[PDB]
Amino acid sequence: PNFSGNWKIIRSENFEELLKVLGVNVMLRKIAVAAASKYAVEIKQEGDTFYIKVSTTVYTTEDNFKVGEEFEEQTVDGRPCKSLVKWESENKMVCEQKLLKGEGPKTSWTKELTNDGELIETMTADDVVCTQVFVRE
Ligand SMILES: *C/C=C(C)/C=C/C=C(C)/C=C/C1=C(C)CCCC1(C)C
């Protein structure tokens, strides 16, 4: 049992405050928080190669990477960035991002497989950490 599976969110904490740090106005933050209640993640892991598909009711993106190899994605607020994933431990990885253009808050994410079958994702902007918890569908 590795990261592979179809994961459905059961809990999201501090997501609105993450988007506030990132400059989203209140009305869209509330609509984004509602959209995150349908957040789903599909993972296929082969070694340190990861295929990820993150989706909501009306949107879906893919985001494939290999640990230790730089790649391009977008920050949570949508700005292009270059990213590098490393292991922290057997079942936790950390990704550091650097903006491709301009400046902005410092952003990163983590994924972790817990002993109790949960997937925990965090997303960070400066001081503020959002935590989302998933279970296998
Ligand atoms: C390893 C995990 C990854 C690459 C996931 C990143 C997640 C996002 C960029 C999520 C963004 C969201 C919005 C901007 C609006 C509300 C719904 C979300 C959670 C899909």
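What is the extension gain from residue 20 to residue 6, computed as 0.36 nm multiplied by their sequence separation minus the C-alpha to C-alpha distance, in nm to one decimal?
2.1 nm
Output the pairs from 20/44; 53/101; 38/101; 30/92; 44/86; 8/101 with a Cα-Cα distance over 28 Å in this structure; if there are none, say none. Each step should come with its number before you reach the end.
Values: 20/44 32 Å; 53/101 25 Å; 38/101 30 Å; 30/92 30 Å; 44/86 17 Å; 8/101 33 Å.
Beyond 28 Å between Cα atoms: 20/44; 38/101; 30/92; 8/101.
Straight distance only, please: which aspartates and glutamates reach the Cα of residue 98 with their own Cα at less than 17 Å, same-chain residues fewer than 8 apart left out?
63, 69, 70, 72, 73, 77, 126, 127
Let me have the relative contact order for the chain, percent, based on Cα pairs under 8 Å that are six or more residues apart. Walk me through the numbers before you get to the answer.
On the way: 285 pairs, mean separation 34.7, N = 137.
This gives 25 percent for the chain.
Which order do peptides 11-22, 96-107 fall in by mean Cβ count within 10 Å, highest first? Don't jump to the answer; show the numbers that get you there.
On the way: 11-22: 17.7, 96-107: 13.8.
Sorting 11-22, 96-107 by mean packing, highest first, produces 11-22, 96-107.
State the antiparallel share, in %, of DSSP beta bridges confined to the chain, rounding to the nearest 5.
If I count the DSSP bridges inside the chain, around 100 percent turn out antiparallel.
Compute the distribution of all C-alpha to C-alpha distances in the chain, in bins of 5 Å from 0, and list the percent of pairs in each, rounded to whole numbers.
P(r) for the chain, in whole percents per bin: 2, 10, 19, 25, 23, 15, 6, 1, 0.
For segment 53-94, how big is Rg over Rh, using alpha carbon atoms and the Kirkwood form of Rh?
Ratio of gyration radius to Kirkwood radius for segment 53-94: 1.02.
Based solely on its DSSP helices, what 222 nm [θ] is calculated for the chain when runs of n ≥ 4 H residues each add -39,500 (n - 2.57) and the sum is averaged over all residues, nearest 500 deg cm²/dmol?
Mean residue ellipticity, 222 nm, calculated: -3500 deg cm²/dmol.
Bear in mind that the values in this text are calculations on the coordinates, not laboratory data. FYI the Cβ positions are ideal-geometry reconstructions off the backbone, even for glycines, and counts take in every protein chain you see.
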